[PDB]
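The residues making up each chain are set out below.
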Amino acid sequence: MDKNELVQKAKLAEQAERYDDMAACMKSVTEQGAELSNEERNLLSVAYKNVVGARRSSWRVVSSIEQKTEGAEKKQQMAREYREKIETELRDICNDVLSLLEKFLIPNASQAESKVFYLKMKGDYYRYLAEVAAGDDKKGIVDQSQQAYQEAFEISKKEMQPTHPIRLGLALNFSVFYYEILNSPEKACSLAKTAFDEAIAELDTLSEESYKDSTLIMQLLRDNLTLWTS
Amino acid sequence: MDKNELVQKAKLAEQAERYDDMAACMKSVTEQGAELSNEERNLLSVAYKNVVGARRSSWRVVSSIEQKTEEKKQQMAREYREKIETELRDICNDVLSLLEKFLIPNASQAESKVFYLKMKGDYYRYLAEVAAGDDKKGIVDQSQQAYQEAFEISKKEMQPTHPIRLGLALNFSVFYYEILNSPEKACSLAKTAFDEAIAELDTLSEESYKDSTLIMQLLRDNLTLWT
Ligand SMILES: [Ca+2]
Ligand SMILES: [Ca+2]
Ligand SMILES: [Cl-]
Ligand SMILES: [Cl-]
Ligand SMILES: [Cl-]
Ligand SMILES: [Cl-]
C-alpha cells in the first residue's frame, strides 16, 4: 500500500522470481508520481525486462516452429494462433511500460542520467513492439523506437562520460536496433565502434563503482563488431 | 478442443516454456475420461511438475527470508508465503483430483498404476512440505500410503532397472528423509534400489538405459549426501 512497503514487496517478489508481482509493485510505485530513486528505477527495469522477456523468448520459439512447418496446414494454423495470443500479451506489457514512461518517468526525470535511461527504455520497448509488428504499423513503431534512442543518444553525448555504463548500454542497444530492426549493419558497426573507441580514449575518467559494468558492456560492443564483421 | 489438437497445443506450450498453458491443455485432455497414453501422461506430469515447481521454489526463498528476519518485514514475508502457499495447494489439489477421478481408475497396466500412485505420493508430499500442525499428520499418511502401494506393485511387477521403479525408490527415499525425518529408512531404501539395479544390469534395453542410470546416479548422490 505505502511506497516503501511496495518497494520491499518488489524486492521480495524478485527473490521469489515472481516478476509479474514485481512489475505490479513497481508500476504502483511509479503511479504515485514521485521521481524514482536509482534503486526503484532498476527494480522497475528488471521486473519488466523479465515479464516482457518471457513473452519474447516464447514468441521466438513459436514463430520459428510456425515458419519451419511446410505441409501441415492445421499445425501451422495452431502455431499462428498461439503466436498471436503471445503477441497480444507482449503488446499489452510494452504498452503498459510505454504509458508509464510517457506519463511519469520521462517528464519527471530531473537528471541527464535518468532521462537517458528512460528514453533508452522507451527505445527498447518500441523495439520489442517492432519485432512483433506486421507491415502496416511497423514503419511507425520503428520510427518511434529510433526517435527515442536518438534523443537519448544526443543527451548522453552532451552530458555523460563515454565510459558511463548507461551511455555504453545505449550504444549497445541502439547498434542492435540498427542491425536487427533497420537492417543497417554498417550504421550498427560504426555506432558500436565509435562508442567502444571513445570509451578506450577516455579510460582515465572511470570510477571504481562503474568500472566493471563499463568494461563488460565494452566487451559486448566489440563482440557484436566481430560477429557482424564476418 | 479435440484430444489430438489439445496434445499438440500442450507440446507447443512446452516448447514455449508456457507451463500453465501446457497444464491446462493436459488437464482438459485428462477430463475427456479416456486412459492416457505414455506420451500424454508424461506431458501432464512435466506440465504440473513445472507449475507446482515454480511455487515450491518461490516458497523456499520466501520461507527462508521470513526465518532470517528480526518487524514489518517478517509479516510481509509471512503474508507473501501464505499467498504462494494458497496457489501451491490449489495446484496440488487439481492434480490429486485428476488422479482420483480419472487417472488411477482408468490405469489398465501395473506400470501406469505405479506411475500415478507415485504421482499421488509426490503431490501429497508437496502439500506436506507446506502443511503445519493438525492437517500435516493426515497429509503425510496419504503421501506414504500412495508411495507404499506403488512400492509394493513395482517390486512385484517391475524389474529393478525399470526407470519408474527406480524413480519411485528415489522419491520415496526423499519422502522418508525430508518429510518423516527417517534418514536410516531413506538410506536403506535408496541403497537397496541402487544395488538391486546394479545386480541386474543386463536386463536393460537400448531405450530406457539412460533414464535408469541417471536415477541410479541420483540415488547414490543422495546416499553420499545423507552419510
Ligand atoms: Ca510470475
Ligand atoms: Ca506461464
Ligand atoms: Cl508473479
Ligand atoms: Cl515470473
Ligand atoms: Cl503459461
Ligand atoms: Cl511457465
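Residues numbered from 1 in each chain as written, not as in the entry; some residues may be left out. Chains lettered and ligands numbered in written order. Heavy atoms only, no water. Residues with missing side-chain atoms left out of burial classes, pairs and counts.

As stated in the entry header, the method of structure determination is X-ray crystallography and the reported resolution is 2.1200 Å.

A. Representation of the overall build of chain B in the model. On a plain count of helices and strands, chain B comes out with 9 helices and 0 strands. In sequence order, chain B lays out its α and β elements as α-α-α-α-α-α-α-α-α. The globule rule puts the C-alpha radius of gyration for 227 residues at 17 Å, and the 19 Å found for chain B is close to it. If one aligns the C-alpha atoms of chain B with their principal axes, the spans along those axes are about 60 × 50 × 30 Å. (Helix = DSSP H or I, 4+ residues; strand = E, 2+ residues; numbered from the N terminus. Rg over C-alpha atoms; globule rule 2.2 N^0.38 Å.)

B. Structural context of the overall build of chain A. Across its full length, chain A carries 9 helices and 0 strands. Listing each helix as α and each strand as β along chain A from the N terminus yields α-α-α-α-α-α-α-α-α. Taken against the 2.2 N^0.38 rule, which gives 17 Å for 230 residues, the C-alpha radius of gyration of chain A at 19 Å falls within 12% of a compact globule. Projected onto its principal axes, the C-alpha positions of chain A cover 60 × 50 × 30 Å.

C. Molecular detail of the environment of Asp197 of chain A. Locating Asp197 of chain A in the fold gives a position in helix 8 (residues 185–201). Separated by 35 residues in the primary sequence, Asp197 of chain A and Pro162 of chain A place their C-alpha atoms 9.0 Å from one another.

D. Geometry of unusual backbone geometry. Residues and elements named next belong to chain B. For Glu17, which is not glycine, the phi dihedral falls at a positive 55 degrees. Mapped onto the fold, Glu17 is located in the loop between helix 1 (3–15) and helix 2 (19–31). Since its relative accessible area comes to 57%, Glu17 is described here as exposed. Positive phi values are uncommon outside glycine, yet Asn181 reaches one of about 50 degrees. On the secondary structure map, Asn181 appears in the loop between helix 7 (163–178) and helix 8 (183–199). (Buried < 20%, exposed > 50% of the residue type's maximum accessible area, 1.4 Å probe, protein only.)

E. Here's a closer look at the packing of helix 1 of chain B against helix 2 of chain B. Residues and elements named next belong to chain B. Where helix 1 meets helix 2, the axes come as close as 8 Å, and the angle between the chain directions of the two elements is 160 degrees. Classified by the angle between their axes, helix 1 and helix 2 sit roughly antiparallel to one another. Viewed along their axes, helix 1 and helix 2 form a crossing whose handedness is left-handed. Contacts between helix 1 and helix 2 pair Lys3, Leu6, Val7, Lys9, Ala10, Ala13 and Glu14 from the former with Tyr19, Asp21, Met22, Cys25, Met26, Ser28 and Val29 from the latter. (Axes fitted to C-alpha atoms, helices over the stretch in contact; angles between N-to-C directions. Parallel < 35°, antiparallel > 145°, perpendicular 65-115°, else oblique. Left-handed = near helix turned anticlockwise from the far one by under 90°. Contact = heavy atoms within 4.5 Å.)

F. Quick look at the pattern of salt bridges. Residue and element names in this part refer to chain A. Per the stated rule, a full pass over the model turns up 34 salt bridges over all chains. The salt bridge involving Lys27 is made with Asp96; its shortest N-O contact spans 3.3 Å. With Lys27 in helix 2 (residues 19–31) and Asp96 in helix 4 (residues 73–108), this residue pair connects regions lying 69 residues apart in the sequence. As a salt-bridge pair, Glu102 and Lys122 come within 3.2 Å of each other at their nearest N and O atoms. (Salt bridge = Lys/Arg side-chain N within 4 Å of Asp/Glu carboxyl O.)

G. The arrangement of the packing of aromatic side chains in detail. Summed over the entire model, instances satisfying the criterion amount to 18 aromatic pairs over all chains. Ring centres 5.1 Å apart and planes at 75 degrees place the aromatic pair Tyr123 of chain B and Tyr126 of chain B in the edge-to-face group. Of the two residues, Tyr123 of chain B and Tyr126 of chain B are both situated in helix 5 (residues 110–130); the distance of 3 residues between them amounts to about one turn of the helix. On the basis of relative accessibility, which here comes to 10%, the residue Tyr126 of chain B falls in the buried class. Of the aromatic side chains, those joined through ring pairs into one cluster are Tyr149, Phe153, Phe174, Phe177 and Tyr178 of chain A. (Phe/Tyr/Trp six-rings, centres within 6.5 Å; stacked < 30°, edge-to-face > 60°.)

H. Quick peek at the interface of chain B and chain A. With 20 residues of chain B in contact, the opposing surface of chain A contributes 20 residues. Elements with a minimum of two residues in the side of chain B that touches chain A: helix 1, helix 3 (38–67) and helix 4 (72–106) of chain B. The residue makeup of the side of chain B that touches chain A, split by class, is 10 nonpolar, 3 polar and 7 charged. (Nonpolar A, V, L, I, M, F, W, Y, C, P; charged D, E, K, R; others polar.)

I. A negative patch on the surface, seen in detail. A cluster of acidic side chains, namely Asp2 and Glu5 of chain A together with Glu79 and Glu82 of chain B, defines a negative patch on the protein surface. Relative to the helices and strands, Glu82 of chain B is located in helix 4. (Patch = residues over 30% accessible without salt bridge, like charges linked within 9 Å, V, L, I, M, F, W, Y side chains within 5 Å. Areas by Shrake-Rupley, 256 points an atom, 1.4 Å probe, with all protein chains shown as cover. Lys, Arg positive; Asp, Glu negative; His and termini not counted. Charge placed at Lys NZ, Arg CZ, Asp CG, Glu CD.)

J. Examining the side chain of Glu85 of chain B more closely. Note on placement: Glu85 of chain B falls in helix 4. Engagement of the side chain of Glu85 of chain B in a polar contact is seen with the side chain of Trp59 of chain B, the distance being 2.8 Å. (Polar contact = N/O pair within 3.5 Å; in protein donor to acceptor, adjacent residues only side chain to side chain.)

K. Here's a closer look at the packing of helix 2 of chain B against helix 3 of chain B. Residue and element names in this part refer to chain B. One can describe the packing of helix 2 onto helix 3 by two numbers: an axis separation of 8 Å at closest approach and a directional angle of 135 degrees. Taken together, helix 2 and helix 3 sit at an angle that is classed as oblique. Two packed elements cross with a definite hand, and for helix 2 against helix 3 that hand is left-handed. Of the residues in helix 3, those in contact with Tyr19, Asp20, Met22, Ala23, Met26, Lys27 and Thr30 of helix 2 are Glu40, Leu43, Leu44, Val46, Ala47, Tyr48, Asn50, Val51 and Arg55. Taken together, the residues of the contact of helix 2 with helix 3 break down into 10 nonpolar, 2 polar and 4 charged.

L. Spotlight on the nonpolar core. Counting 144 residues, the largest nonpolar core has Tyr118 and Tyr125 of chain A together with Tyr123 of chain B as the members making the most contacts within it. Residues contacting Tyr123 of chain B, with those up to four places away along its chain left out, are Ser45, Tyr48, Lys49, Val52, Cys92, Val95 and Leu96 of chain B. (Core = buried A, V, L, I, M, F, W, Y, C linked by side-chain atoms within 4.5 Å.)

M. Quick peek at helix 2 of chain A. Given a rise of 1.5 Å per residue, 13 residues ought to cover 18 Å, and the 18 Å separating the end C-alpha atoms of helix 2 of chain A matches this to within 8%. Taken together, the buried positions of helix 2 of chain A are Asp21, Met22, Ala23, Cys25, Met26, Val29 and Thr30 of chain A. Looking at the buried residues of helix 2 of chain A, the elements they touch are helix 1 (3–15), helix 3 (38–67) and helix 4 of chain A together with helix 4 of chain B. (Expected span 1.5 Å × (residues − 1).)

N. Spotlight on the environment of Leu225 of chain A. Residues and elements named next belong to chain A. Along the polypeptide, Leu225 turns up in helix 9 (residues 212–229). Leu225 sits in the buried class, given a relative accessible area of 13%. Between the alpha carbons of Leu225 and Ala188 there is a distance of 8.6 Å; along the sequence they are 37 residues apart. Setting aside residues up to four positions removed in sequence, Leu225 forms contacts with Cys189, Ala192 and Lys193.

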